[PDB]
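Undergrad: Below: one structure in structure tokens.
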Amino acid sequence: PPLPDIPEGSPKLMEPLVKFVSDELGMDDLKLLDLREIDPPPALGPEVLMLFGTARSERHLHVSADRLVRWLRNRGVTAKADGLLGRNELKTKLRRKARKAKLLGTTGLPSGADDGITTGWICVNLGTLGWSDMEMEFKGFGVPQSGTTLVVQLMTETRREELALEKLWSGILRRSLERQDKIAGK
Amino acid sequence: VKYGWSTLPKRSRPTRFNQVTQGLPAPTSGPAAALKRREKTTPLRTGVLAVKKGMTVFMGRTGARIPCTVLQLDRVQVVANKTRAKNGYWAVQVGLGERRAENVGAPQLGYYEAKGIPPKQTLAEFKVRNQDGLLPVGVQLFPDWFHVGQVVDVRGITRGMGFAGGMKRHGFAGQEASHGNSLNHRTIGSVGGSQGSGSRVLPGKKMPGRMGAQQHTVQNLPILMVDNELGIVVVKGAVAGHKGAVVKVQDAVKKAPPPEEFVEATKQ
Amino acid sequence: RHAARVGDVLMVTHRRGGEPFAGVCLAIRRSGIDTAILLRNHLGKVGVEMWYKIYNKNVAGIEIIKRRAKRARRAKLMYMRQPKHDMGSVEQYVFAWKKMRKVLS
Amino acid sequence: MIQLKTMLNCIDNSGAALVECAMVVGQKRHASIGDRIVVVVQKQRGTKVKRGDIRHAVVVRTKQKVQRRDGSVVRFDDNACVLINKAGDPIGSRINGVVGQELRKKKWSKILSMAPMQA
Amino acid sequence: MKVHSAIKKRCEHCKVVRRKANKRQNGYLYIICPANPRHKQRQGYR
RNA sequence: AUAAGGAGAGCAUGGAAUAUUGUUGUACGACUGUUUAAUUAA
RNA sequence: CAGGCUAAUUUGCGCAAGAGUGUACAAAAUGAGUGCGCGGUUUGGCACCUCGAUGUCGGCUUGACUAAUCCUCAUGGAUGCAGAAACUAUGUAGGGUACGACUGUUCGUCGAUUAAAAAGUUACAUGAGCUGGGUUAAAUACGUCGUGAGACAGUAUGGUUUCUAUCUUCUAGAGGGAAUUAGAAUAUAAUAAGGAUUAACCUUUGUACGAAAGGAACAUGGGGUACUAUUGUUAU
Ligand SMILES: [K+]
Ligand SMILES: [Mg+2]
Ligand SMILES: [Mg+2]
Ligand SMILES: [Mg+2]
Ligand SMILES: [Mg+2]
Ligand SMILES: [Mg+2]
Ligand SMILES: [Mg+2]
Ligand SMILES: [Mg+2]
Ligand SMILES: [Mg+2]
Ligand SMILES: [Mg+2]
Ligand SMILES: [Mg+2]
Ligand SMILES: [Mg+2]
Ligand SMILES: [Mg+2]
Ligand SMILES: [Mg+2]
Ligand SMILES: [Mg+2]
Ligand SMILES: [Mg+2]
Ligand SMILES: [Mg+2]
Ligand SMILES: [Mg+2]
Ligand SMILES: [Mg+2]
Ligand SMILES: [Mg+2]
Ligand SMILES: [Mg+2]
Ligand SMILES: [Mg+2]
Ligand SMILES: [Zn+2]
């Protein structure tokens, strides 16, 4: 299938990124949502560009997510994956788990449904990369510089249907646009 | 013994007769060995005496609010240089402020008389690493003696607190409030064990007493502003003492000395 | 007289993003370079207050979007935290203000 | 400042209305905005969480004033939180309310991806 | 290494040596074996 | 059982006292009373 | 009751030997019944000794010390060390070893965090420092035993916990003083005595290793919406 069109005005890192997460990671469905027209800036940055991808399995997601963080680290962007466990962060969780089993005697192994070692959603927040001056009326110090924020949300098929963050931010968009028209009028 | 491992009479002066040039091992103690194991830490340049004037924030362009303390230099002169051949170590004596001639004694009036300096308010020594740190006597040090971004250490006498208890002095927890306690809320509790612990209070035991009014050093404090006309040197963070007290400011011992160019420009 | 008084409604625009926070001024602490102002607003159904340093660079601008009819008889208006005197949400005055600018401009 | 025995509000669509803090995770100081805690569901709302279920949560709102690096001090009218699992993945799917701005610097993109308002 | 009070040779390549003896201590008796490192033994406790 | 539940110019019709945790359920004794003056009031 | 002597016993240990287990192969690990020992924690024996006790002990406050190590640091062995984890052992006690529920208590038990939620000695270390959970009563009810008065290592409720510090030690601050020595003002060194002392996370070319699943060591950096350093972003 084709690739998600790049919204006009995106940074120069947006075109390689989409190609990377598609031609090198192997995400089934990719949809880039343009949410840079929200009156109140959301609690992620001025102008978000949520990119949604689907992973084959939790293990594939954990590798792809960590593979993307290292791909963006070679360009200067320091992304923080919300859901990607660290090397030693996993050791301690395994140590405690195995340690308790030793004492108990393997009486909780079949009862460890939720351990914190597995996740089906990872949110790679790249942050607000390109900052620039706005144009406002202040007679105030200056203009409140804004910038585009990039957020890559990689999750599994099962987890991408429960959350349904595509219709959440889509509904938020149209709502903030209608309210904008009220002030202007037309 | 009285102090340490030495049983030598305090009135005996044998230092000059045990020389390394005669084939003796360089002693591990003494002024020579004390300077050698402090060579790296010792500051290259002298310090300045400043007066704590208050606390504020340094608002920076684009959004930075940095809490800072203001220290003012009030006629800081160089009064005397302490060489190693005469005193046993390298240091510079710095003076601050002024004092009325009537209040200055004759022993000190004749001391400034031999230098051409007006009587100062206070005097303090700043240890330097080698002979390159000694400055001409009678030169004034301005806030530009430092540069913005230079970390320094500020030594000042802490606020006096009189006779403190166990809670305020040593951070003792105290005892309960209402569950049957009997006249013992802020008291220190036990002071020791019993016959198996010496039937005595052990030296170094923490007890109530006087707190404060002692020297305290805050290390690694950057220099945010340097204003010559005002005479102030704004440092980050807090500094020991009250407003109007004199403090000692010098380069940080735990940080590399300023670049060679700066140490030479200030001397130039 | 023309300055912003306690009890008025202000609007602080933030440098990084432009996110404006509107609220009714409850207090003004004059402390040299750290002078601050307290704005109360109901975001959602939650009452949220905000201290702002007027001499910081993270505040792009402050504007008076609605003045108090009569001068307040108190230096501080901490009584506006109680449901009795709570002004509630300030979105009404913000919407009515933006309209003026757009129509005029 | 959230401690043990503290009661907080759940602002996500998890089926919890009132939770009680049972442990401040990873620190000795009391939990502030953006801190991880372990709570106990005390009430519900008429795979939901049943009363008495122990879950991890994140503090999003604190009545205690919180001072930002720029000198801005924020205060909310109540203490709120969102239930999360030990992995760190929101149990709910939508937030109804305003969260503090300290979740942005503590890497809580998942909570901030549910389109919560910010103060 | 195994700290025994009775160290013995367990093959033809095991050698008895006294190491770590200097002007400050007396050292220990060691069983050093290049063929099998499981024969490494020491006599005495620090 | 006064059950509960609904209610009585400025921040406040303003001080003191009235004015005390409330509710529910158990064990024991029906109840009000009496008891070791001056460690046990049940 | 504590101290004193002893060490039968122990929930305290070590060493020597090696039946046996370890697919193989004694000593990677494991170690029957035993022998030679150290040590003074548990239950005991004795009785030099009248004294703060029958749970001899709990909590609080404040420690000091020990090292037989739970965490953090260095490290040998491991046909049973590929990596990771874990096991065994050798160095090492610097700093830590939290919080709550139920249990009269420590015994204990559980909950959820944590790098870890280890032990012991000091007259339960410490009540002329606190508590009274205790250490003892007289009241009352029940149970068991006795002809009865009563008894009980029973059960439940209730039940006055003195002291203005003389001496040593200790924490602070002072009067006088003897100092190479006639006495002072100011700034001061050698040296001495103490204080500070935690841990985690990302960062290896997801690299070395591995069939794969997995997955390190080493090293640098993470002080700046000030300076500076560094990484990006746009403009020249
Ligand atoms: K009292
Ligand atoms: Mg004073
Ligand atoms: Mg207290
Ligand atoms: Mg003695
Ligand atoms: Mg004594
Ligand atoms: Mg009765
Ligand atoms: Mg009576
Ligand atoms: Mg009575
Ligand atoms: Mg065999
Ligand atoms: Mg060990
Ligand atoms: Mg090895
Ligand atoms: Mg290994
Ligand atoms: Mg040390
Ligand atoms: Mg005790
Ligand atoms: Mg006593
Ligand atoms: Mg009786
Ligand atoms: Mg009877
Ligand atoms: Mg009573
Ligand atoms: Mg006396
Ligand atoms: Mg000295
Ligand atoms: Mg460390
Ligand atoms: Mg900068
Ligand atoms: Zn051999």
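Labeling convention for the structure tokens: chains A, B, ... as they appear, residues from 1 per chain, ligands from 1 in order of appearance.
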I'd like the neighbourhood of range 101-117 of chain B as a ChimeraX atom specification, where a residue qualifies if any of its atoms comes within 12 Å (using only C-alpha atoms (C1' of nucleotides)), though same-chain residues fewer than 5 positions away should be ignored.
TA: /B:75-81,94-96,122-123,136-140 /G:184-187
Undergrad: May I ask you to write as number ranges by chain all residues lying at most 6 Å from ligand 5, with only C-alpha atoms (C1' of nucleotides) and all ligand atoms counted?
TA: B: 199-200; G: 168-169
Undergrad: With N, CA and C atoms (P, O5', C5', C4', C3', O3' and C1' of nucleotides) retained, write the just-selected residues as a PDB file, in the first residue's frame.
TA:
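After the write, out11.pdb holds the following:
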```pdb
ATOM      1  N   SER B 199      30.332   2.290  82.139  1.00  0.00           N
ATOM      2  CA  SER B 199      29.759   3.058  83.245  1.00  0.00           C
ATOM      3  C   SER B 199      30.118   4.538  83.141  1.00  0.00           C
ATOM      4  N   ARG B 200      30.064   5.071  81.924  1.00  0.00           N
ATOM      5  CA  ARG B 200      30.357   6.477  81.697  1.00  0.00           C
ATOM      6  C   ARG B 200      29.682   6.912  80.408  1.00  0.00           C
TER       7      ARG B 200
ATOM      8  P     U G 168      34.152  15.564  89.781  1.00  0.00           P
ATOM      9  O5'   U G 168      34.371  14.281  88.866  1.00  0.00           O
ATOM     10  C5'   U G 168      35.430  13.376  89.137  1.00  0.00           C
ATOM     11  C4'   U G 168      35.220  12.044  88.465  1.00  0.00           C
ATOM     12  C3'   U G 168      34.988  12.082  86.965  1.00  0.00           C
ATOM     13  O3'   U G 168      36.182  12.236  86.220  1.00  0.00           O
ATOM     14  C1'   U G 168      33.400  10.656  87.964  1.00  0.00           C
ATOM     15  P     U G 169      36.221  13.246  84.973  1.00  0.00           P
ATOM     16  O5'   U G 169      35.307  12.533  83.884  1.00  0.00           O
ATOM     17  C5'   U G 169      35.615  11.227  83.423  1.00  0.00           C
ATOM     18  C4'   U G 169      34.515  10.668  82.555  1.00  0.00           C
ATOM     19  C3'   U G 169      34.007  11.571  81.446  1.00  0.00           C
ATOM     20  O3'   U G 169      34.851  11.592  80.311  1.00  0.00           O
ATOM     21  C1'   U G 169      32.173  10.608  82.576  1.00  0.00           C
TER      22        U G 169
END
```
Undergrad: Neighbours of ligand 20 within 10 Å, counting only C-alpha atoms (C1' of nucleotides) and all ligand atoms, as a PDB file with C-alpha atoms (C1' of nucleotides), in the first residue's frame?
TA:
```pdb
ATOM      1  CA  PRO B  31      55.127  21.913  55.825  1.00  0.00           C
ATOM      2  CA  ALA B  34      51.583  19.220  53.517  1.00  0.00           C
TER       3      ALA B  34
ATOM      4  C1'   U G 188      48.378  32.510  61.124  1.00  0.00           C
ATOM      5  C1'   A G 189      51.342  27.004  59.747  1.00  0.00           C
ATOM      6  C1'   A G 190      53.053  21.810  61.124  1.00  0.00           C
ATOM      7  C1'   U G 191      49.996  18.837  63.647  1.00  0.00           C
ATOM      8  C1'   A G 192      45.705  16.940  66.393  1.00  0.00           C
TER       9        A G 192
END
```
Undergrad: Which residues are near ligand 21 - at most 8 Å, using only C-alpha atoms (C1' of nucleotides) and all ligand atoms? Format: as a ChimeraX atom specification.
TA: /G:72,198-199
Undergrad: Grab the CA of residue 82 in chain C to CA of residue 48 in chain C distance for me, in Å with one decimal place.
TA: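 Value for the CA of residue 82 in chain C-CA of residue 48 in chain C distance: 13.0 Å.
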Undergrad: As a list in words, please: every residue in range 41-101 of chain C that DSSP puts in strand (DSSP E or B).
TA: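 Of range 41-101 of chain C, only residues 41, 42, 43, 46, 47, 48, 49, 50, 51, 52, 53, 59, 60, 61, 62, 63, 64, 65 and 66 of chain C fall in strand (DSSP E or B).
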Undergrad: Quick one: write out the picked residues with N, CA and C atoms as a PDB file, in the first residue's frame?
TA:
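Final file, part_6.pdb:
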```pdb
ATOM      1  N   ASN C  41      -8.979  30.174  38.227  1.00  0.00           N
ATOM      2  CA  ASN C  41      -9.906  29.819  37.165  1.00  0.00           C
ATOM      3  C   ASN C  41     -10.410  28.409  37.419  1.00  0.00           C
ATOM      4  N   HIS C  42     -11.585  28.109  36.874  1.00  0.00           N
ATOM      5  CA  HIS C  42     -12.131  26.756  36.899  1.00  0.00           C
ATOM      6  C   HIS C  42     -11.923  26.123  35.529  1.00  0.00           C
ATOM      7  N   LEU C  43     -10.930  25.245  35.433  1.00  0.00           N
ATOM      8  CA  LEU C  43     -10.699  24.469  34.224  1.00  0.00           C
ATOM      9  C   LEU C  43     -11.449  23.156  34.387  1.00  0.00           C
ATOM     10  N   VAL C  46     -12.686  21.837  37.929  1.00  0.00           N
ATOM     11  CA  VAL C  46     -11.669  21.916  38.971  1.00  0.00           C
ATOM     12  C   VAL C  46     -11.193  23.357  39.076  1.00  0.00           C
ATOM     13  N   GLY C  47     -11.148  23.883  40.296  1.00  0.00           N
ATOM     14  CA  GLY C  47     -10.582  25.200  40.512  1.00  0.00           C
ATOM     15  C   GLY C  47      -9.069  25.151  40.557  1.00  0.00           C
ATOM     16  N   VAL C  48      -8.415  25.843  39.628  1.00  0.00           N
ATOM     17  CA  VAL C  48      -6.962  25.829  39.501  1.00  0.00           C
ATOM     18  C   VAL C  48      -6.447  27.256  39.622  1.00  0.00           C
ATOM     19  N   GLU C  49      -5.521  27.470  40.549  1.00  0.00           N
ATOM     20  CA  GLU C  49      -4.870  28.757  40.741  1.00  0.00           C
ATOM     21  C   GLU C  49      -3.462  28.725  40.157  1.00  0.00           C
ATOM     22  N   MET C  50      -2.905  29.913  39.935  1.00  0.00           N
ATOM     23  CA  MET C  50      -1.603  30.035  39.287  1.00  0.00           C
ATOM     24  C   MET C  50      -0.914  31.307  39.753  1.00  0.00           C
ATOM     25  N   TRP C  51       0.293  31.162  40.295  1.00  0.00           N
ATOM     26  CA  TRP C  51       1.177  32.292  40.551  1.00  0.00           C
ATOM     27  C   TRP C  51       2.064  32.503  39.332  1.00  0.00           C
ATOM     28  N   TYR C  52       2.185  33.753  38.892  1.00  0.00           N
ATOM     29  CA  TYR C  52       2.973  34.082  37.712  1.00  0.00           C
ATOM     30  C   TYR C  52       3.918  35.226  38.039  1.00  0.00           C
ATOM     31  N   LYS C  53       5.198  35.050  37.724  1.00  0.00           N
ATOM     32  CA  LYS C  53       6.166  36.134  37.845  1.00  0.00           C
ATOM     33  C   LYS C  53       6.036  37.042  36.630  1.00  0.00           C
ATOM     34  N   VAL C  59       6.414  34.358  30.343  1.00  0.00           N
ATOM     35  CA  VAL C  59       5.115  34.995  30.168  1.00  0.00           C
ATOM     36  C   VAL C  59       5.243  35.961  28.996  1.00  0.00           C
ATOM     37  N   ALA C  60       4.669  35.585  27.853  1.00  0.00           N
ATOM     38  CA  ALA C  60       4.780  36.426  26.667  1.00  0.00           C
ATOM     39  C   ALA C  60       4.034  37.740  26.854  1.00  0.00           C
ATOM     40  N   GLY C  61       2.848  37.693  27.454  1.00  0.00           N
ATOM     41  CA  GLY C  61       2.078  38.901  27.661  1.00  0.00           C
ATOM     42  C   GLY C  61       0.936  38.736  28.640  1.00  0.00           C
ATOM     43  N   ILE C  62       0.554  39.831  29.292  1.00  0.00           N
ATOM     44  CA  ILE C  62      -0.573  39.863  30.214  1.00  0.00           C
ATOM     45  C   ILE C  62      -1.541  40.927  29.721  1.00  0.00           C
ATOM     46  N   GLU C  63      -2.823  40.582  29.676  1.00  0.00           N
ATOM     47  CA  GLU C  63      -3.857  41.479  29.188  1.00  0.00           C
ATOM     48  C   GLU C  63      -5.038  41.449  30.143  1.00  0.00           C
ATOM     49  N   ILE C  64      -5.707  42.590  30.269  1.00  0.00           N
ATOM     50  CA  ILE C  64      -6.900  42.707  31.099  1.00  0.00           C
ATOM     51  C   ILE C  64      -8.106  42.506  30.191  1.00  0.00           C
ATOM     52  N   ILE C  65      -8.792  41.371  30.351  1.00  0.00           N
ATOM     53  CA  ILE C  65      -9.931  41.057  29.494  1.00  0.00           C
ATOM     54  C   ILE C  65     -11.255  41.478  30.113  1.00  0.00           C
ATOM     55  N   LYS C  66     -11.284  41.778  31.409  1.00  0.00           N
ATOM     56  CA  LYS C  66     -12.511  42.220  32.065  1.00  0.00           C
ATOM     57  C   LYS C  66     -12.137  42.897  33.372  1.00  0.00           C
TER      58      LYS C  66
END
```
Undergrad: Residues of chain A no more than 10 Å from chain C, counting only C-alpha atoms: send them over as a PyMOL selection string.
TA: chain A and resi 39-42+45-47+128+131-134+136-148+179-180+182-185
Undergrad: When the cut-off is 10 Å and you count only C-alpha atoms (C1' of nucleotides) and all ligand atoms, which residues lie near ligand 16, shown as a ChimeraX atom specification?
TA: /G:137-140
Undergrad: Please return as an MDAnalysis selection string the residues found within 9 Å of ligand 9, counting only C-alpha atoms (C1' of nucleotides) and all ligand atoms.
TA: chainID G and resid 20:22 24:26
Undergrad: Would you output that residue set with N, CA, C and O atoms (P, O5', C5', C4', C3', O3' and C1' of nucleotides), as a PDB file, in the first residue's frame?
TA:
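Everything below was put into part-v3.pdb:
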```pdb
ATOM      1  P     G G  20      30.023 -45.785  48.024  1.00  0.00           P
ATOM      2  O5'   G G  20      28.761 -44.821  47.892  1.00  0.00           O
ATOM      3  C5'   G G  20      27.468 -45.255  48.287  1.00  0.00           C
ATOM      4  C4'   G G  20      26.516 -44.097  48.445  1.00  0.00           C
ATOM      5  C3'   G G  20      26.225 -43.293  47.189  1.00  0.00           C
ATOM      6  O3'   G G  20      25.273 -43.908  46.340  1.00  0.00           O
ATOM      7  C1'   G G  20      26.701 -41.816  48.956  1.00  0.00           C
ATOM      8  P     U G  21      25.333 -43.664  44.753  1.00  0.00           P
ATOM      9  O5'   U G  21      24.750 -42.194  44.569  1.00  0.00           O
ATOM     10  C5'   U G  21      23.417 -41.889  44.949  1.00  0.00           C
ATOM     11  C4'   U G  21      23.111 -40.423  44.774  1.00  0.00           C
ATOM     12  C3'   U G  21      23.456 -39.824  43.422  1.00  0.00           C
ATOM     13  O3'   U G  21      22.507 -40.122  42.415  1.00  0.00           O
ATOM     14  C1'   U G  21      24.223 -38.390  45.121  1.00  0.00           C
ATOM     15  P     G G  22      22.994 -40.331  40.899  1.00  0.00           P
ATOM     16  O5'   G G  22      23.710 -38.957  40.533  1.00  0.00           O
ATOM     17  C5'   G G  22      22.978 -37.741  40.486  1.00  0.00           C
ATOM     18  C4'   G G  22      23.879 -36.563  40.211  1.00  0.00           C
ATOM     19  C3'   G G  22      24.694 -36.639  38.931  1.00  0.00           C
ATOM     20  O3'   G G  22      23.945 -36.271  37.787  1.00  0.00           O
ATOM     21  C1'   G G  22      26.089 -35.967  40.714  1.00  0.00           C
ATOM     22  P     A G  24      26.725 -41.626  36.680  1.00  0.00           P
ATOM     23  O5'   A G  24      27.872 -41.479  35.585  1.00  0.00           O
ATOM     24  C5'   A G  24      28.188 -42.556  34.710  1.00  0.00           C
ATOM     25  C4'   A G  24      29.515 -42.347  34.022  1.00  0.00           C
ATOM     26  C3'   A G  24      30.643 -41.838  34.920  1.00  0.00           C
ATOM     27  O3'   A G  24      31.882 -42.474  34.614  1.00  0.00           O
ATOM     28  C1'   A G  24      30.314 -40.336  33.115  1.00  0.00           C
ATOM     29  P     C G  25      32.649 -43.306  35.757  1.00  0.00           P
ATOM     30  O5'   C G  25      33.299 -42.186  36.686  1.00  0.00           O
ATOM     31  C5'   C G  25      34.585 -41.656  36.407  1.00  0.00           C
ATOM     32  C4'   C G  25      34.719 -40.229  36.883  1.00  0.00           C
ATOM     33  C3'   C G  25      34.563 -40.000  38.378  1.00  0.00           C
ATOM     34  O3'   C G  25      35.762 -40.248  39.089  1.00  0.00           O
ATOM     35  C1'   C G  25      33.284 -38.399  37.185  1.00  0.00           C
ATOM     36  P     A G  26      35.786 -41.268  40.330  1.00  0.00           P
ATOM     37  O5'   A G  26      35.102 -40.456  41.516  1.00  0.00           O
ATOM     38  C5'   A G  26      35.498 -39.127  41.820  1.00  0.00           C
ATOM     39  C4'   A G  26      34.560 -38.493  42.815  1.00  0.00           C
ATOM     40  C3'   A G  26      34.853 -37.044  43.174  1.00  0.00           C
ATOM     41  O3'   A G  26      34.298 -36.130  42.245  1.00  0.00           O
ATOM     42  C1'   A G  26      34.565 -38.290  45.153  1.00  0.00           C
TER      43        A G  26
END
```
Undergrad: Once you count only C-alpha atoms (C1' of nucleotides), which residues of chain A turn out to be within 12 Å of chain G? Could you give them as an MDAnalysis selection string?
TA: chainID A and resid 11:13 59 62:64 66:81 84:99 102 128:133 147:148
Undergrad: Any chance you could tabulate, as a Markdown table, the residues of chain G at most 12 Å from chain B with each one's nearest atom pair and distance in Å to one decimal, using only C-alpha atoms (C1' of nucleotides), in chain and rising number order?
TA:
```
| residue | atom | partner | partner_atom | distance |
| --- | --- | --- | --- | --- |
| G:2 | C1' | B:195 | CA | 11.5 |
| G:3 | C1' | B:195 | CA | 10.6 |
| G:59 | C1' | B:176 | CA | 11.5 |
| G:60 | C1' | B:175 | CA | 6.7 |
| G:61 | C1' | B:189 | CA | 4.5 |
| G:62 | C1' | B:190 | CA | 5.0 |
| G:63 | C1' | B:192 | CA | 6.3 |
| G:64 | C1' | B:197 | CA | 7.5 |
| G:65 | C1' | B:197 | CA | 9.1 |
| G:121 | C1' | B:196 | CA | 9.9 |
| G:122 | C1' | B:196 | CA | 5.7 |
| G:123 | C1' | B:194 | CA | 7.1 |
| G:125 | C1' | B:193 | CA | 4.7 |
| G:126 | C1' | B:193 | CA | 4.9 |
| G:127 | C1' | B:190 | CA | 10.4 |
| G:129 | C1' | B:189 | CA | 4.0 |
| G:130 | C1' | B:181 | CA | 6.0 |
| G:131 | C1' | B:180 | CA | 6.6 |
| G:132 | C1' | B:180 | CA | 9.5 |
| G:161 | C1' | B:182 | CA | 11.0 |
| G:168 | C1' | B:200 | CA | 8.1 |
| G:169 | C1' | B:200 | CA | 4.6 |
| G:170 | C1' | B:201 | CA | 5.0 |
| G:171 | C1' | B:207 | CA | 4.8 |
| G:172 | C1' | B:209 | CA | 4.6 |
| G:173 | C1' | B:210 | CA | 8.5 |
| G:179 | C1' | B:11 | CA | 10.5 |
| G:180 | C1' | B:11 | CA | 7.0 |
| G:181 | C1' | B:11 | CA | 11.6 |
| G:184 | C1' | B:107 | CA | 8.5 |
| G:185 | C1' | B:107 | CA | 5.2 |
| G:186 | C1' | B:108 | CA | 6.8 |
| G:187 | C1' | B:124 | CA | 6.7 |
| G:188 | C1' | B:125 | CA | 8.3 |
| G:189 | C1' | B:88 | CA | 6.7 |
| G:190 | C1' | B:30 | CA | 5.3 |
| G:191 | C1' | B:3 | CA | 7.3 |
| G:192 | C1' | B:3 | CA | 5.3 |
| G:193 | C1' | B:3 | CA | 9.3 |
| G:194 | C1' | B:204 | CA | 8.5 |
| G:195 | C1' | B:204 | CA | 11.5 |
| G:223 | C1' | B:222 | CA | 9.5 |
| G:224 | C1' | B:149 | CA | 10.1 |
| G:225 | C1' | B:63 | CA | 5.4 |
| G:226 | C1' | B:224 | CA | 6.1 |
| G:227 | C1' | B:149 | CA | 4.1 |
| G:228 | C1' | B:149 | CA | 7.0 |
| G:229 | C1' | B:149 | CA | 12.0 |
```
Undergrad: Residues near residue 21 in chain D, anyone? I mean within 7 Å using only C-alpha atoms (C1' of nucleotides), not counting same-chain ones fewer than 5 positions away, as a ChimeraX atom specification.
TA: /D:3-7,37-40
Undergrad: Export N, CA, C and O atoms of the chosen residues as a compact mmCIF listing (two decimals), in the first residue's frame?
TA:
```txt
# COMPACT_ATOMS: atom_id res chain seq x y z
N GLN D 3 0.39 10.78 50.67
CA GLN D 3 0.99 9.78 51.55
C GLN D 3 0.07 8.57 51.66
O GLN D 3 -0.93 8.46 50.94
N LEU D 4 0.40 7.67 52.57
CA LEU D 4 -0.45 6.53 52.84
C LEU D 4 -1.73 7.00 53.52
O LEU D 4 -1.71 7.90 54.36
N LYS D 5 -2.85 6.39 53.14
CA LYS D 5 -4.19 6.64 53.68
C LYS D 5 -4.83 7.85 53.01
O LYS D 5 -5.90 8.29 53.44
N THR D 6 -4.21 8.40 51.97
CA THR D 6 -4.72 9.57 51.28
C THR D 6 -5.71 9.13 50.21
O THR D 6 -5.47 8.14 49.51
N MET D 7 -6.81 9.86 50.09
CA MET D 7 -7.86 9.54 49.15
C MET D 7 -7.81 10.48 47.96
O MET D 7 -7.76 11.71 48.13
N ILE D 37 2.34 5.79 42.34
CA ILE D 37 1.83 5.34 43.63
C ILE D 37 1.05 4.05 43.43
O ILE D 37 0.71 3.66 42.32
N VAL D 38 0.75 3.40 44.55
CA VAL D 38 -0.08 2.20 44.59
C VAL D 38 -1.33 2.55 45.38
O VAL D 38 -1.23 3.00 46.53
N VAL D 39 -2.50 2.34 44.78
CA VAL D 39 -3.76 2.75 45.37
C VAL D 39 -4.66 1.53 45.57
O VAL D 39 -4.37 0.44 45.10
N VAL D 40 -5.75 1.76 46.29
CA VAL D 40 -6.76 0.74 46.57
C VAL D 40 -8.12 1.34 46.25
O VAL D 40 -8.49 2.37 46.82
```
Undergrad: Using DSSP assignments from the backbone, pull out every residue in range 39-260 of chain B that falls under alpha helix (DSSP H) and give it to me as an MDAnalysis selection string.
TA: chainID B and resid 106:113 167:170 260
Undergrad: Mind listing as an MDAnalysis selection string which residues of chain D are within 9 Å of chain B, counting only C-alpha atoms?
TA: chainID D and resid 69:71
Undergrad: Residues of chain G within 10 Å of chain D, counting only C-alpha atoms (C1' of nucleotides), what are they? List them as a PyMOL selection string.
TA: chain G and resi 98-100+111-114+200+225
Undergrad: May I ask you to write as a VMD selection string all residues lying at most 10 Å from ligand 10, with only C-alpha atoms (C1' of nucleotides) and all ligand atoms counted?
TA: chain G and resid 69 88 to 92
Undergrad: How many Å lie between CA of residue 212 in chain B and CA of residue 162 in chain B, rounded to one decimal?
TA: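 It comes out at 7.1 Å.
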Undergrad: Quick one: residues within 9 Å of range 98-106 of chain D, only C-alpha atoms (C1' of nucleotides) counted, chain neighbours fewer than 2 positions away excluded, as a ChimeraX atom specification?
TA: /A:43-45 /C:43-46 /D:11,33-35,59-62,68,74,76,80-81,95-96,108-109,111-112,116-119
Undergrad: Find the residues near residue 35 in chain E: any atom within 12 Å, counting only C-alpha atoms (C1' of nucleotides), skip ones fewer than 6 places away on the same chain, and give them as an NGL selection string.
TA: :E and (10-15)
Undergrad: 9 Å from ligand 11 is the threshold here; counting only C-alpha atoms (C1' of nucleotides) and all ligand atoms, which polymer residues fall inside it? Answer as JSON, numbers by chain.
TA: {"E": [37], "G": [76, 77, 78, 81]}
